[PDB]
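Below is one structure; the comments refer to it alone.
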Amino acid sequence: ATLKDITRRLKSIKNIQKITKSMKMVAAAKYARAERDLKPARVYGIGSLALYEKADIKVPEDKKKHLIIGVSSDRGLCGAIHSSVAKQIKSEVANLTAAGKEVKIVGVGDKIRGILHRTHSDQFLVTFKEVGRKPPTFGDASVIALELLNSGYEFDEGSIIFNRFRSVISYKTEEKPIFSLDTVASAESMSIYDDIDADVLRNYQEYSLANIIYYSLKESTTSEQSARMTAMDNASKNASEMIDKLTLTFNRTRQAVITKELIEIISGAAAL
Amino acid sequence: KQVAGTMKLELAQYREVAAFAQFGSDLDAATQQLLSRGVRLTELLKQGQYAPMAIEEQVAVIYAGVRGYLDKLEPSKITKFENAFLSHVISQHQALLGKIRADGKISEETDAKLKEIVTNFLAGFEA
Amino acid sequence: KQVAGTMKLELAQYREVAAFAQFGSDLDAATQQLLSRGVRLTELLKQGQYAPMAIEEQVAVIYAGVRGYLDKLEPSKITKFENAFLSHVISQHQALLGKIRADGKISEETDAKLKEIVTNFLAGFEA
Amino acid sequence: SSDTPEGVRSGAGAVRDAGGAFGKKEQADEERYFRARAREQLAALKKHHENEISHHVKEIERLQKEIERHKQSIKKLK
């Protein structure tokens, strides 16, 4: 209201405006790196998936256990990335419980565990933090997939949810299944195949679990790093739209104080 | 002075940590003992109009919450708890409040004597 | 008049069998009943000095004993149950201790409502 | 305004001096983070081994006094 109140609020939206400009150029140079490193990791991600499409495989009638793998980051400021995958995980668990299956979920990010800490605190298996600061690599896809086996939880189907992006502007939260069990991978479409036993298929079906996580980790760090570019851009337009409206009110009030304290001197001298 | 000195210091640690409106970390054992005690201590300080309480009745309300006898109740019912507890002390326990007034201080014989009546009330008030 | 006509008669049947109670367990189940019900009604009528009661409150206490809601208890737990039944019905049911003080007669619309107070207090008492 | 010496320019430390929404969101985030660091630095400060020995004894002394009581009780009874 007063002149001391207008100036202090005006300076504070200069610093918020300058910082969101600096945090736009930082998270855009992290975006161009994650676009180049995706194309070698795309065909290697496509090729490891490519065996299951050339086979009619589906989890047929009913299986007793389940896994949902929630893939997100350990960072905020990215708009509706984390809210979409938290919306898709609650839709599937409420649908599979109609069939009486026991479901255990695992989150590879902080902000998946922090959202679901209230409703589903007893259906967690493990949680993996410190994800998204440095770029993801294949060794971290092997650390996660190793500890999914040697936990004590022997499961038989599952699925993974992540954000495969279409462009700079529009992404999409998607769904992909994980045939982890050897015997559901023992169907009519494998009897045509060669001398693979239940020991060779045991080693092979494990390795495709580490190739679906590395596929999931590369698309989701591009979906997140592009939404940090947009959501830090509208936070500098709205802070510069607000910074002109307080500049006019600062200038009306600056003139009105020179006018007001000029009248007090004139009225003090005239009455004397 | 023996009951409000540890009430002021439990509010001062509440204002510093409860300015978020956007929580991302669940510190359920760490600070939610501190951040959900000061909610009860604040609603203990509300009052109506033209109703000045006596000084010894004021101690029997603050002592009921600073030592932690209200930490189980719902936050919507703390004002309903007090106007039922205000009746139970002024009618059946008059000679207790005659000791807090006339001495001017609360003592160790009176401290454990005051500890039982709030526990018999809370075991009977809830439905 | 309504409750004491069942009470004066049943404390009179206890006086004829009051000799058998000293050395008795090999008696009939009817005689072992009059030794049971008659010693609960004797425990109701105890009363501390300088504590007069309102009339419709005494119609609450005597309604518990003579109707059958005290046989499953221990005789040193009768003089505790009465004091805990009264403090629950003064505070949380004050609107029904003025519907006897005005109407005078226990209607069936009140005879069916005190059945849902004593049995819904006899559950959550023994603790 | 700012592209001249005359106009108003903002300095360092102007979000906290305003005291608004972002000025209160910053004070409760420096406190809710450095509250957990008073937990991990105090729980690991109890892992001094010399204190545990001292505590291996205070307890011992306490127990020996209880034994002394019992021994006196026996002496009496005998």
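The way I read the labels, and the way they are meant: chains A, B, ... in the order of the structure tokens, residue 1 as the first residue of every chain, and ligand 1 as the first ligand shown, with later ones counted on from there.
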> Within 12 Å of chain A, which residues of chain B show up when using only C-alpha atoms, listed as a list in words?
Replying inline: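 Only these qualify: residues 23, 24, 25, 26, 27 and 28 of chain B.
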>> Quick check: residues of chain B within 10 Å of chain D, only C-alpha atoms, returned as a ChimeraX atom specification.
In response: /B:13,15-23,25,27,30-31
>> Calculated over only C-alpha atoms, which of the candidates C:72, C:114, C:11, C:79 has the smallest distance to residue 48 (chain C)?
In response: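 Nearest to residue 48 (chain C): C:79.
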>> Pairing the C-alpha atoms in order and superposing chain B on chain C, what is the resulting RMSD?
In response: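 The RMSD between chain B and chain C over C-alpha atoms is 1.3 Å.
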Return as JSON lines the residues of chain A lying at most 7 Å from chain D, together with the closest atom-to-atom pair for each and the distance in Å to one decimal, counting only C-alpha atoms, with rows in chain order and ascending residue number.
```
{"residue": "A:8", "atom": "CA", "partner": "D:18", "partner_atom": "CA", "distance": 5.4}
{"residue": "A:9", "atom": "CA", "partner": "D:18", "partner_atom": "CA", "distance": 5.7}
{"residue": "A:11", "atom": "CA", "partner": "D:10", "partner_atom": "CA", "distance": 4.8}
{"residue": "A:12", "atom": "CA", "partner": "D:15", "partner_atom": "CA", "distance": 4.9}
{"residue": "A:14", "atom": "CA", "partner": "D:10", "partner_atom": "CA", "distance": 6.4}
```
> Could you pull the residues within 12 Å of residue 126 (chain B), counting only C-alpha atoms, minus those fewer than 4 positions along the same chain, as number ranges by chain?
Replying inline: B: 70, 72-74, 77-78, 80-81, 84-85, 119-122; C: 88, 92, 124
N, CA, C and O atoms of the current selection, written as an mmCIF file, in the first residue's frame:
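Now in again_0.cif:
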```
data_model
loop_
_atom_site.group_PDB
_atom_site.id
_atom_site.type_symbol
_atom_site.label_atom_id
_atom_site.label_comp_id
_atom_site.auth_asym_id
_atom_site.auth_seq_id
_atom_site.Cartn_x
_atom_site.Cartn_y
_atom_site.Cartn_z
ATOM 1 N N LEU B 70 -4.621 -34.500 25.243
ATOM 2 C CA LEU B 70 -5.593 -34.276 24.179
ATOM 3 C C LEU B 70 -5.125 -34.801 22.831
ATOM 4 O O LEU B 70 -5.829 -34.616 21.832
ATOM 5 N N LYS B 72 -5.165 -37.482 21.286
ATOM 6 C CA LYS B 72 -5.929 -38.510 20.598
ATOM 7 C C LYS B 72 -7.183 -37.973 19.923
ATOM 8 O O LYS B 72 -7.720 -38.641 19.034
ATOM 9 N N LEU B 73 -7.650 -36.790 20.312
ATOM 10 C CA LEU B 73 -8.953 -36.305 19.883
ATOM 11 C C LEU B 73 -8.902 -35.751 18.464
ATOM 12 O O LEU B 73 -7.853 -35.341 17.961
ATOM 13 N N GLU B 74 -10.067 -35.741 17.823
ATOM 14 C CA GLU B 74 -10.207 -35.102 16.527
ATOM 15 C C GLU B 74 -10.134 -33.584 16.687
ATOM 16 O O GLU B 74 -10.549 -33.044 17.715
ATOM 17 N N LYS B 77 -13.388 -31.462 17.432
ATOM 18 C CA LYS B 77 -14.118 -31.711 18.663
ATOM 19 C C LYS B 77 -13.434 -31.165 19.907
ATOM 20 O O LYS B 77 -13.892 -31.461 21.018
ATOM 21 N N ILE B 78 -12.355 -30.391 19.768
ATOM 22 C CA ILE B 78 -11.649 -29.912 20.952
ATOM 23 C C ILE B 78 -12.437 -28.805 21.642
ATOM 24 O O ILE B 78 -12.392 -28.677 22.872
ATOM 25 N N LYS B 80 -15.703 -28.790 21.638
ATOM 26 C CA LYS B 80 -16.786 -29.521 22.281
ATOM 27 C C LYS B 80 -16.301 -30.239 23.532
ATOM 28 O O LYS B 80 -17.085 -30.454 24.464
ATOM 29 N N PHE B 81 -15.020 -30.610 23.567
ATOM 30 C CA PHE B 81 -14.453 -31.255 24.744
ATOM 31 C C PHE B 81 -14.382 -30.303 25.926
ATOM 32 O O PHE B 81 -14.539 -30.732 27.074
ATOM 33 N N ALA B 84 -17.732 -29.347 27.846
ATOM 34 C CA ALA B 84 -18.192 -30.448 28.682
ATOM 35 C C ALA B 84 -17.266 -30.651 29.875
ATOM 36 O O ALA B 84 -17.720 -31.022 30.962
ATOM 37 N N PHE B 85 -15.968 -30.400 29.691
ATOM 38 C CA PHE B 85 -15.016 -30.545 30.786
ATOM 39 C C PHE B 85 -15.085 -29.363 31.747
ATOM 40 O O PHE B 85 -14.685 -29.487 32.910
ATOM 41 N N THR B 119 -7.991 -38.152 33.258
ATOM 42 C CA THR B 119 -7.988 -39.484 32.668
ATOM 43 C C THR B 119 -9.313 -40.205 32.885
ATOM 44 O O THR B 119 -9.732 -40.990 32.027
ATOM 45 N N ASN B 120 -9.980 -39.966 34.019
ATOM 46 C CA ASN B 120 -11.324 -40.508 34.188
ATOM 47 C C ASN B 120 -12.324 -39.808 33.284
ATOM 48 O O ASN B 120 -13.320 -40.417 32.880
ATOM 49 N N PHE B 121 -12.088 -38.533 32.969
ATOM 50 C CA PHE B 121 -13.006 -37.825 32.087
ATOM 51 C C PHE B 121 -12.868 -38.308 30.649
ATOM 52 O O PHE B 121 -13.874 -38.594 29.990
ATOM 53 N N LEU B 122 -11.630 -38.408 30.155
ATOM 54 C CA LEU B 122 -11.391 -38.839 28.783
ATOM 55 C C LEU B 122 -11.817 -40.281 28.547
ATOM 56 O O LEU B 122 -12.249 -40.615 27.440
ATOM 57 N N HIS C 88 -23.094 -40.709 33.882
ATOM 58 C CA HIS C 88 -23.290 -40.800 32.441
ATOM 59 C C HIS C 88 -24.666 -40.288 32.036
ATOM 60 O O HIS C 88 -24.845 -39.784 30.923
ATOM 61 N N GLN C 92 -24.910 -36.731 29.706
ATOM 62 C CA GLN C 92 -25.228 -37.078 28.329
ATOM 63 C C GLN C 92 -26.694 -37.416 28.111
ATOM 64 O O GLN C 92 -27.061 -37.798 26.999
ATOM 65 N N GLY C 124 -19.942 -51.451 27.869
ATOM 66 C CA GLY C 124 -18.716 -50.714 28.069
ATOM 67 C C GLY C 124 -18.545 -50.186 29.475
ATOM 68 O O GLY C 124 -18.307 -48.993 29.669
#
```
> Which parts of chain D does DSSP call helix (DSSP H, G or I) when run on the backbone here, written out as number ranges by chain?
Replying inline: D: 15-18, 22-33, 37-46, 49-77
> For chain B, which residue out of C:87, C:123, C:5, C:116 is the nearest one, using only C-alpha atoms?
Replying inline: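 Closest residue, counting only C-alpha atoms: C:87.
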> Can you tell me, as a ChimeraX atom specification, what residues are no more than 7 Å from residue 104 (chain A) when counting only C-alpha atoms, ignoring any on the same chain fewer than 4 positions away?
Replying inline: /A:66-68,123-125
Could you save the residues just selected, with C-alpha atoms, as a compact mmCIF listing (two decimals), in the first residue's frame?
```
# COMPACT_ATOMS: atom_id res chain seq x y z
CA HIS A 66 1.71 -59.09 -9.44
CA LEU A 67 4.22 -56.25 -9.79
CA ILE A 68 3.69 -52.64 -10.79
CA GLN A 123 2.08 -52.69 -0.60
CA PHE A 124 5.62 -51.42 -1.26
CA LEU A 125 8.42 -53.86 -1.95
```
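Atom pair CA of residue 92 (chain A) / CA of residue 175 (chain A): separated by 10.4 Å.
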>> Considering only C-alpha atoms, can you say which of C:113, C:125, C:40, C:12 comes closest to chain B?
In response: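 For chain B, the nearest of the candidates is C:125.
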